[PDB]
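Report on one structure; see the data block that follows.
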Amino acid sequence: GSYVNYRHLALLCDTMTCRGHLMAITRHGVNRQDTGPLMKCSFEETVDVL
Amino acid sequence: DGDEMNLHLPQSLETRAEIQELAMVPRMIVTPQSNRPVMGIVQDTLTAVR
Amino acid sequence: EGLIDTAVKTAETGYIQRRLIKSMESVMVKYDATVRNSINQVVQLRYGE
Amino acid sequence: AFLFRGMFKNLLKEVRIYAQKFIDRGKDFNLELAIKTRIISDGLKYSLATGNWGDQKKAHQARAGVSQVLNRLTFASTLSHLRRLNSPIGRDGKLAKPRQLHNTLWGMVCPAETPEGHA
Amino acid sequence: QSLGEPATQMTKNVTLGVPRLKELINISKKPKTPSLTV
Amino acid sequence: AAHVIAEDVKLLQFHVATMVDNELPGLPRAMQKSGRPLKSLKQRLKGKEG
DNA sequence: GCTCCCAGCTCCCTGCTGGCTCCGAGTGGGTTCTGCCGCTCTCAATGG
RNA sequence: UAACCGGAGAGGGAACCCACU
DNA sequence: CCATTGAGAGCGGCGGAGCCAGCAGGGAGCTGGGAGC
Ligand SMILES: [Mg+2]
């Protein structure tokens, strides 16, 4: 019964499908994105990426 | 009923002014998540106003 | 059942919200009025369409 | 009696080596000095003090909290701490069926007194 | 925050709730109840 | 002795590697002679509370 | 010796399983836990 | 034609159960 | 003054769920040696 604005669902479904494949919201989806190592070491794995 | 809240104190004029212009409590009444107030009248006062 | 589900709820949803923020924290609205991320790839052309 | 078996095997491993270093000189061996008293007296006192149900050399491999400090805060917490059971299932368990109140705990286990945390 | 804050108050068969939010977030190849609506 | 050098370096390898990674799969963890394993450099920054 | 047939060969992909990582914020208090034996060098007490 | 004193952030680590929202 | 040596003290030892890597089992189709000229 609750309601979330639409802006916030469009934005999540846009980041998930923005690079042409399905980017999961796990460590295998967002760490394979090329964001730069100091940002990936903060989510998970923390040294494997460094 | 035993809840505890923390209290941070901004330590500069430039952080004080920023909190005062961006996070003060009457500025936060309407949420952008569902575009409705987050604060309402809710106990004893709501029963007595009815 | 309600006491069991409260105690598993608390720890299972707090991890969804963390995975979401790490995946989207740097998406913001530029002065271009377009919605980009840290690599400046354009995510939405206008906020919320 | 799970402890006192391992602690009684360690001291037969001690009186063994002590009979050994002593018959091989061909001298004769004495046991008063072979009986290491600090095997029982300290293994018991150790596991009953930390709670780890094992030896001190392998204590990260043991059970834990088998032995807790009695709660003297009101008489009803003393009395309930002494009659407390424990299902050893780990935490970080997303399963429910061991946390549900089974029909079969009727009259045996109190159906109302449980901790409301993760245990 | 707007998708995680309501998520904390949620719970033939369609596995709604956080078990479903987790299948959508982690694009999972084997979901629990994969139906069609023909 | 051209044979012991092999064991010397095998143990040097064990030490220099468990300095930077104490958890190895299928390898004895370097413990202190109190009986507790070490906190390698990878553990100082591995997970939560890194 | 010529042209052309065929199994063995060569590489291709598809599929199962082992290995690795993660598992909510914060807070208070508590109690237990910094390796243990022993074999040589040194000191200055105490024997002649 | 006279009159006694002067120094200052100290400081500690590892592990476990119980409890609170 | 002379002196072997106990004692002091210090250092050398003695749970569960989900992605990628590896492998094995398995076809397309090439090329040398045979087949018929
Ligand atoms: Mg409350």
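Ordering of the structure tokens sets the chain letters (A, B, ...), residue numbers begin anew at 1 in every chain, and ligands are numbered from 1 in the order given.
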- [ ] Pull out every residue of chain I that has at least one atom within 12 Å of chain E, counting only C-alpha atoms (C1' of nucleotides), and report them as a ChimeraX atom specification.
- [x] /I:17-19
Please, could you write that set of residues out with N, CA and C atoms (P, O5', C5', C4', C3', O3' and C1' of nucleotides) as a CSV table (one decimal), in the first residue's frame?
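result_0.csv was written with the following content:
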```csv
chain,number,residue,atom,x,y,z
I,17,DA,P,21.6,-22.7,1.3
I,17,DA,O5',21.8,-21.4,0.4
I,17,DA,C5',21.4,-20.2,0.9
I,17,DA,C4',22.0,-19.1,0.1
I,17,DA,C3',22.1,-19.4,-1.4
I,17,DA,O3',21.7,-18.2,-2.1
I,17,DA,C1',24.2,-18.8,-0.6
I,18,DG,P,21.4,-18.3,-3.7
I,18,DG,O5',22.7,-17.8,-4.3
I,18,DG,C5',22.7,-16.6,-5.0
I,18,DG,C4',24.1,-16.2,-5.3
I,18,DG,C3',24.6,-16.6,-6.7
I,18,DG,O3',25.3,-15.6,-7.4
I,18,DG,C1',26.1,-17.3,-5.1
I,19,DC,P,25.1,-15.4,-9.0
I,19,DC,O5',26.1,-14.3,-9.3
I,19,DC,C5',27.1,-14.5,-10.4
I,19,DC,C4',28.5,-14.4,-9.8
I,19,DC,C3',29.6,-14.6,-10.8
I,19,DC,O3',30.4,-13.5,-10.8
I,19,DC,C1',29.9,-15.9,-8.9
```
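Residues of chain C having any atom within 9 Å of chain G, counting only C-alpha atoms (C1' of nucleotides), are residues 10, 11, 12, 13, 14 and 15 of chain C.
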Writing out the chosen residues with N, CA, C and O atoms as an mmCIF file, in the first residue's frame:
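Writing done, so here's part.cif:
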```cif
data_model
loop_
_atom_site.group_PDB
_atom_site.id
_atom_site.type_symbol
_atom_site.label_atom_id
_atom_site.label_comp_id
_atom_site.auth_asym_id
_atom_site.auth_seq_id
_atom_site.Cartn_x
_atom_site.Cartn_y
_atom_site.Cartn_z
ATOM 1 N N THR C 10 15.698 -7.050 10.706
ATOM 2 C CA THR C 10 16.620 -5.952 10.963
ATOM 3 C C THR C 10 17.923 -6.127 10.217
ATOM 4 O O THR C 10 18.403 -5.174 9.603
ATOM 5 N N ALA C 11 18.450 -7.335 10.165
ATOM 6 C CA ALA C 11 19.766 -7.550 9.602
ATOM 7 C C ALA C 11 19.740 -7.833 8.133
ATOM 8 O O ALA C 11 20.792 -7.845 7.503
ATOM 9 N N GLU C 12 18.590 -8.178 7.585
ATOM 10 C CA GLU C 12 18.595 -8.497 6.167
ATOM 11 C C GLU C 12 18.318 -7.278 5.310
ATOM 12 O O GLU C 12 18.766 -7.212 4.168
ATOM 13 N N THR C 13 17.545 -6.330 5.812
ATOM 14 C CA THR C 13 17.291 -5.150 5.001
ATOM 15 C C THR C 13 18.395 -4.113 5.115
ATOM 16 O O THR C 13 18.598 -3.314 4.186
ATOM 17 N N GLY C 14 19.096 -4.082 6.243
ATOM 18 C CA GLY C 14 20.167 -3.126 6.375
ATOM 19 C C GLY C 14 21.279 -3.368 5.402
ATOM 20 O O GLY C 14 22.132 -2.507 5.230
ATOM 21 N N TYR C 15 21.293 -4.524 4.780
ATOM 22 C CA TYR C 15 22.296 -4.823 3.792
ATOM 23 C C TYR C 15 21.824 -4.489 2.392
ATOM 24 O O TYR C 15 22.638 -4.120 1.549
#
```
Please identify all protein, DNA and RNA residues within 10 Å of ligand 1, counting only C-alpha atoms (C1' of nucleotides) and all ligand atoms, and report them as a PDB file with N, CA and C atoms (P, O5', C5', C4', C3', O3' and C1' of nucleotides), in the first residue's frame.
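Output below, filename pocket12.pdb:
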```
ATOM      1  N   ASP B   1      11.109   5.240  25.300  1.00  0.00           N
ATOM      2  CA  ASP B   1      11.128   4.163  26.273  1.00  0.00           C
ATOM      3  C   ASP B   1      12.529   3.656  26.474  1.00  0.00           C
ATOM      4  N   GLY B   2      13.499   4.543  26.553  1.00  0.00           N
ATOM      5  CA  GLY B   2      14.870   4.138  26.645  1.00  0.00           C
ATOM      6  C   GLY B   2      15.689   4.342  25.408  1.00  0.00           C
ATOM      7  N   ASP B   3      15.177   5.054  24.425  1.00  0.00           N
ATOM      8  CA  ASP B   3      15.916   5.361  23.222  1.00  0.00           C
ATOM      9  C   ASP B   3      16.967   6.397  23.520  1.00  0.00           C
ATOM     10  N   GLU B   4      18.054   6.370  22.774  1.00  0.00           N
ATOM     11  CA  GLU B   4      19.096   7.371  22.901  1.00  0.00           C
ATOM     12  C   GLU B   4      19.431   7.963  21.556  1.00  0.00           C
TER      13      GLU B   4
ATOM     14  P     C H  20      17.614  -6.401  27.053  1.00  0.00           P
ATOM     15  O5'   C H  20      17.734  -4.885  26.673  1.00  0.00           O
ATOM     16  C5'   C H  20      17.761  -3.939  27.707  1.00  0.00           C
ATOM     17  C4'   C H  20      18.215  -2.621  27.188  1.00  0.00           C
ATOM     18  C3'   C H  20      17.491  -2.152  25.962  1.00  0.00           C
ATOM     19  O3'   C H  20      16.261  -1.540  26.248  1.00  0.00           O
ATOM     20  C1'   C H  20      19.786  -1.939  25.630  1.00  0.00           C
ATOM     21  P     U H  21      15.011  -1.884  25.333  1.00  0.00           P
ATOM     22  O5'   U H  21      15.240  -1.030  24.037  1.00  0.00           O
ATOM     23  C5'   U H  21      14.978   0.352  24.041  1.00  0.00           C
ATOM     24  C4'   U H  21      15.406   0.968  22.747  1.00  0.00           C
ATOM     25  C3'   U H  21      14.722   0.434  21.519  1.00  0.00           C
ATOM     26  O3'   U H  21      13.436   1.002  21.336  1.00  0.00           O
ATOM     27  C1'   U H  21      17.039   0.610  21.129  1.00  0.00           C
TER      28        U H  21
END
```
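Using only C-alpha atoms, one finds that the residues of chain C close to chain A, at 10 Å or less, are residues 16, 18, 19, 20, 21, 22, 23, 24, 27, 35, 36, 37, 38, 39, 41, 42, 43, 44, 47, 48 and 49 of chain C.
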Selection file, N, CA, C and O atoms, as a CSV table (one decimal), in the first residue's frame:
```csv
chain,number,residue,atom,x,y,z
C,16,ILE,N,20.5,-4.5,2.1
C,16,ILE,CA,20.0,-4.0,0.9
C,16,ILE,C,20.3,-2.5,0.8
C,16,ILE,O,20.8,-2.0,-0.2
C,18,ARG,N,22.6,-0.8,2.0
C,18,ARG,CA,24.0,-0.5,1.8
C,18,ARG,C,24.5,-0.9,0.4
C,18,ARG,O,25.2,-0.1,-0.2
C,19,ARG,N,24.1,-2.0,-0.1
C,19,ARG,CA,24.4,-2.2,-1.5
C,19,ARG,C,23.9,-1.2,-2.4
C,19,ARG,O,24.5,-0.8,-3.4
C,20,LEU,N,22.7,-0.6,-2.1
C,20,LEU,CA,22.2,0.4,-3.0
C,20,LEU,C,23.0,1.7,-2.9
C,20,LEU,O,23.3,2.3,-4.0
C,21,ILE,N,23.4,2.1,-1.8
C,21,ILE,CA,24.1,3.3,-1.7
C,21,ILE,C,25.4,3.2,-2.3
C,21,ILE,O,25.9,4.1,-3.0
C,22,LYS,N,26.1,2.1,-2.2
C,22,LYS,CA,27.4,2.0,-2.8
C,22,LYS,C,27.2,2.0,-4.3
C,22,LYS,O,28.1,2.6,-5.0
C,23,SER,N,26.1,1.5,-4.8
C,23,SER,CA,26.0,1.5,-6.3
C,23,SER,C,25.6,2.8,-6.8
C,23,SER,O,25.7,3.1,-8.0
C,24,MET,N,25.1,3.7,-6.0
C,24,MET,CA,24.5,5.0,-6.6
C,24,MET,C,25.0,6.2,-5.9
C,24,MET,O,24.2,7.2,-6.0
C,27,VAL,N,25.9,9.6,-8.3
C,27,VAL,CA,25.0,10.2,-9.2
C,27,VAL,C,24.4,11.4,-8.7
C,27,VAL,O,23.9,11.5,-7.6
C,35,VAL,N,21.8,14.2,-15.4
C,35,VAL,CA,22.1,13.4,-14.3
C,35,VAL,C,23.3,12.5,-14.6
C,35,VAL,O,23.0,11.5,-15.3
C,36,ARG,N,24.4,12.8,-14.1
C,36,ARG,CA,25.6,12.0,-14.4
C,36,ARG,C,26.2,11.4,-13.2
C,36,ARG,O,25.7,11.6,-12.1
C,37,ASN,N,27.3,10.6,-13.3
C,37,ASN,CA,27.8,10.0,-12.2
C,37,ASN,C,29.3,10.5,-12.1
C,37,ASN,O,29.6,11.6,-12.4
C,38,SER,N,30.1,9.7,-11.5
C,38,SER,CA,31.5,10.2,-11.2
C,38,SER,C,32.3,10.2,-12.4
C,38,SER,O,33.2,11.1,-12.5
C,39,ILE,N,32.1,9.4,-13.4
C,39,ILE,CA,32.8,9.2,-14.6
C,39,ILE,C,32.2,10.1,-15.6
C,39,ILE,O,32.6,10.1,-16.8
C,41,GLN,N,29.5,9.9,-17.1
C,41,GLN,CA,28.6,9.3,-18.1
C,41,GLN,C,27.2,9.7,-17.8
C,41,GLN,O,26.8,9.7,-16.6
C,42,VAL,N,26.4,10.0,-18.8
C,42,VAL,CA,25.1,10.6,-18.5
C,42,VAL,C,24.1,9.5,-18.2
C,42,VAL,O,24.0,8.5,-19.0
C,43,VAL,N,23.5,9.6,-17.1
C,43,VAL,CA,22.6,8.5,-16.7
C,43,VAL,C,21.2,8.8,-17.1
C,43,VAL,O,20.5,8.0,-17.7
C,44,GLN,N,20.7,10.0,-16.8
C,44,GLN,CA,19.4,10.5,-17.3
C,44,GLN,C,19.6,11.8,-17.9
C,44,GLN,O,20.5,12.6,-17.4
C,47,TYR,N,16.4,15.2,-14.7
C,47,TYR,CA,16.2,14.4,-13.5
C,47,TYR,C,14.8,13.9,-13.5
C,47,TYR,O,13.8,14.6,-13.4
C,48,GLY,N,14.7,12.6,-13.5
C,48,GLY,CA,13.3,12.0,-13.3
C,48,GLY,C,12.5,12.1,-14.6
C,48,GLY,O,11.4,11.8,-14.6
C,49,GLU,N,13.2,12.5,-15.7
C,49,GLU,CA,12.6,12.6,-17.0
C,49,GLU,C,11.8,13.9,-17.1
C,49,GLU,O,11.4,14.2,-18.2
```
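For segment 2-37 of chain A, backbone-based DSSP assignment of helix (DSSP H, G or I) covers residues 7, 8, 9, 10, 11, 12, 13, 14, 15, 16, 27, 28, 29, 30 and 37 of chain A.
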Open item on the list: Residues of chain F were defined as contacting chain G if any atom lay at most 9 Å from it, counting only C-alpha atoms (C1' of nucleotides); please report them as a PyMOL selection string.
Closed with: chain F and resi 25+33-34
Grab the residues selected above and save them as an mmCIF file, in the first residue's frame with N, CA and C atoms.
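Result went into part_6.cif, see below:
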```cif
data_model
loop_
_atom_site.group_PDB
_atom_site.id
_atom_site.type_symbol
_atom_site.label_atom_id
_atom_site.label_comp_id
_atom_site.auth_asym_id
_atom_site.auth_seq_id
_atom_site.Cartn_x
_atom_site.Cartn_y
_atom_site.Cartn_z
ATOM 1 N N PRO F 25 43.883 -20.659 2.423
ATOM 2 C CA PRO F 25 43.175 -21.928 2.333
ATOM 3 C C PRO F 25 44.165 -23.079 2.388
ATOM 4 N N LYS F 33 52.438 -17.840 20.248
ATOM 5 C CA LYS F 33 52.620 -18.937 21.188
ATOM 6 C C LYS F 33 51.924 -18.569 22.489
ATOM 7 N N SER F 34 50.658 -18.201 22.344
ATOM 8 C CA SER F 34 49.671 -18.002 23.388
ATOM 9 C C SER F 34 48.503 -18.821 22.873
#
```
Open item on the list: Which residues are near residue 29 of chain I? Cut-off 12 Å, only C-alpha atoms (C1' of nucleotides), ignore same chain within fewer than 5 positions. Put them as number ranges by chain.
Closed with: G: 9-12
- [ ] Would you mind writing down, as a ChimeraX atom specification, each residue of chain C that DSSP on the backbone assigns to strand (DSSP E)?
- [x] /C:28-29,35-36,42-44
Export C-alpha atoms of the chosen residues as an mmCIF file, in the first residue's frame?
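Wrote part.cif, looks like this:
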```
data_model
loop_
_atom_site.group_PDB
_atom_site.id
_atom_site.type_symbol
_atom_site.label_atom_id
_atom_site.label_comp_id
_atom_site.auth_asym_id
_atom_site.auth_seq_id
_atom_site.Cartn_x
_atom_site.Cartn_y
_atom_site.Cartn_z
ATOM 1 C CA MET C 28 23.996 13.804 -8.996
ATOM 2 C CA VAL C 29 22.456 16.671 -10.935
ATOM 3 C CA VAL C 35 22.126 13.428 -14.277
ATOM 4 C CA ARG C 36 25.594 11.984 -14.429
ATOM 5 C CA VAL C 42 25.127 10.598 -18.517
ATOM 6 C CA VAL C 43 22.570 8.514 -16.659
ATOM 7 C CA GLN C 44 19.407 10.481 -17.300
#
```
- [ ] Show which residues sit within 9 Å of residue 38 of chain A, as an MDAnalysis selection string. Count only C-alpha atoms (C1' of nucleotides), and ignore same-chain residues fewer than 4 positions away.
- [x] chainID A and resid 42 46 49:50
Selection to disk with N, CA, C and O atoms, as a CSV table (one decimal), in the first residue's frame:
```csv
chain,number,residue,atom,x,y,z
A,42,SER,N,35.9,0.5,-1.0
A,42,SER,CA,35.1,0.9,0.0
A,42,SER,C,33.8,0.0,0.1
A,42,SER,O,33.2,-0.1,1.2
A,46,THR,N,38.2,-4.7,-1.0
A,46,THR,CA,39.0,-3.8,-0.1
A,46,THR,C,40.5,-4.0,-0.3
A,46,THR,O,41.2,-3.0,0.0
A,49,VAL,N,41.0,-5.5,-4.8
A,49,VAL,CA,41.0,-4.5,-5.8
A,49,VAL,C,42.1,-3.5,-5.7
A,49,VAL,O,42.5,-3.0,-6.7
A,50,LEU,N,42.7,-3.4,-4.5
A,50,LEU,CA,43.9,-2.5,-4.5
A,50,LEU,C,45.1,-3.3,-5.0
A,50,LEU,O,45.9,-2.6,-5.6
```
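Counting only C-alpha atoms, the residue from D:14, D:113, D:55, D:24 that sits nearest to residue 37 of chain D is D:14.
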Open item on the list: Can you pull out the residues contacting residue 18 of chain G? Cut-off 12 Å, using only C-alpha atoms (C1' of nucleotides), and skip same-chain residues under 3 positions away; I want them as number ranges by chain.
Closed with: I: 20-23
Residues of chain E within 7 Å of chain A, counting only C-alpha atoms, as a compact mmCIF listing (two decimals) with N, CA, C and O atoms, in the first residue's frame:
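Written out: result_39.txt:
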```txt
# COMPACT_ATOMS: atom_id res chain seq x y z
N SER E 2 15.32 6.12 -0.41
CA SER E 2 13.89 6.06 -0.59
C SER E 2 13.43 4.70 -0.99
O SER E 2 12.25 4.43 -0.96
N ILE E 25 17.47 -6.84 -7.09
CA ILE E 25 18.72 -6.14 -6.91
C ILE E 25 19.88 -7.00 -7.38
O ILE E 25 20.68 -6.58 -8.21
N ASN E 26 19.98 -8.22 -6.92
CA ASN E 26 20.99 -9.13 -7.42
C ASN E 26 20.40 -9.86 -8.59
O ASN E 26 19.82 -10.93 -8.41
N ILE E 27 20.58 -9.34 -9.79
CA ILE E 27 19.93 -9.96 -10.92
C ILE E 27 20.28 -11.43 -10.93
O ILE E 27 21.38 -11.82 -11.35
```
Closest atom pairs, residues of chain E within 12 Å of chain B, only C-alpha atoms, as a Markdown table:
```
| residue | atom | partner | partner_atom | distance |
| --- | --- | --- | --- | --- |
| E:1 | CA | B:33 | CA | 8.3 |
| E:2 | CA | B:33 | CA | 5.2 |
| E:3 | CA | B:33 | CA | 8.3 |
| E:4 | CA | B:33 | CA | 10.5 |
| E:5 | CA | B:33 | CA | 9.2 |
| E:6 | CA | B:33 | CA | 9.5 |
```
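Minimum atom-to-atom distance to residue 68 of chain D, evaluated using only C-alpha atoms (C1' of nucleotides), belongs to G:30 out of G:30, G:2, G:15, G:21.
Within 10 Å of chain H, counting only C-alpha atoms (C1' of nucleotides), chain D contributes residues 50, 51, 52, 60, 64, 65, 66, 67, 68, 69, 71 and 117 of chain D.
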Save the residues we just selected, N, CA and C atoms, as a PDB file, in the first residue's frame?
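File produced: again32.pdb:
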```
ATOM      1  N   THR D  50      36.719 -19.229  31.706  1.00  0.00           N
ATOM      2  CA  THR D  50      36.425 -18.589  30.444  1.00  0.00           C
ATOM      3  C   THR D  50      35.129 -19.045  29.818  1.00  0.00           C
ATOM      4  N   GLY D  51      34.724 -20.271  30.026  1.00  0.00           N
ATOM      5  CA  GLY D  51      33.581 -20.797  29.349  1.00  0.00           C
ATOM      6  C   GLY D  51      33.900 -21.620  28.141  1.00  0.00           C
ATOM      7  N   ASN D  52      35.100 -21.550  27.626  1.00  0.00           N
ATOM      8  CA  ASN D  52      35.450 -22.351  26.476  1.00  0.00           C
ATOM      9  C   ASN D  52      35.571 -23.804  26.876  1.00  0.00           C
ATOM     10  N   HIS D  60      39.865 -21.293  20.504  1.00  0.00           N
ATOM     11  CA  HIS D  60      39.087 -20.774  19.394  1.00  0.00           C
ATOM     12  C   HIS D  60      38.347 -21.872  18.638  1.00  0.00           C
ATOM     13  N   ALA D  64      31.513 -21.978  23.435  1.00  0.00           N
ATOM     14  CA  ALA D  64      31.807 -20.797  24.206  1.00  0.00           C
ATOM     15  C   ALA D  64      30.563 -20.396  24.951  1.00  0.00           C
ATOM     16  N   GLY D  65      30.748 -19.744  26.072  1.00  0.00           N
ATOM     17  CA  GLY D  65      29.607 -19.369  26.839  1.00  0.00           C
ATOM     18  C   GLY D  65      28.903 -20.525  27.474  1.00  0.00           C
ATOM     19  N   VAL D  66      29.557 -21.669  27.596  1.00  0.00           N
ATOM     20  CA  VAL D  66      28.969 -22.792  28.290  1.00  0.00           C
ATOM     21  C   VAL D  66      28.910 -22.500  29.759  1.00  0.00           C
ATOM     22  N   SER D  67      29.677 -21.540  30.191  1.00  0.00           N
ATOM     23  CA  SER D  67      29.828 -21.227  31.591  1.00  0.00           C
ATOM     24  C   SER D  67      29.797 -19.734  31.740  1.00  0.00           C
ATOM     25  N   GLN D  68      28.730 -19.200  32.277  1.00  0.00           N
ATOM     26  CA  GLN D  68      28.599 -17.771  32.338  1.00  0.00           C
ATOM     27  C   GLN D  68      28.601 -17.292  33.763  1.00  0.00           C
ATOM     28  N   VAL D  69      28.818 -16.012  33.956  1.00  0.00           N
ATOM     29  CA  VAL D  69      28.825 -15.447  35.291  1.00  0.00           C
ATOM     30  C   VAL D  69      27.397 -15.325  35.785  1.00  0.00           C
ATOM     31  N   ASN D  71      24.017 -14.198  37.311  1.00  0.00           N
ATOM     32  CA  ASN D  71      23.416 -12.874  37.299  1.00  0.00           C
ATOM     33  C   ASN D  71      22.795 -12.585  38.631  1.00  0.00           C
ATOM     34  N   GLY D 117      16.660 -10.530  21.401  1.00  0.00           N
ATOM     35  CA  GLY D 117      17.696 -10.154  20.482  1.00  0.00           C
ATOM     36  C   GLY D 117      17.780 -11.117  19.332  1.00  0.00           C
TER      37      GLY D 117
END
```
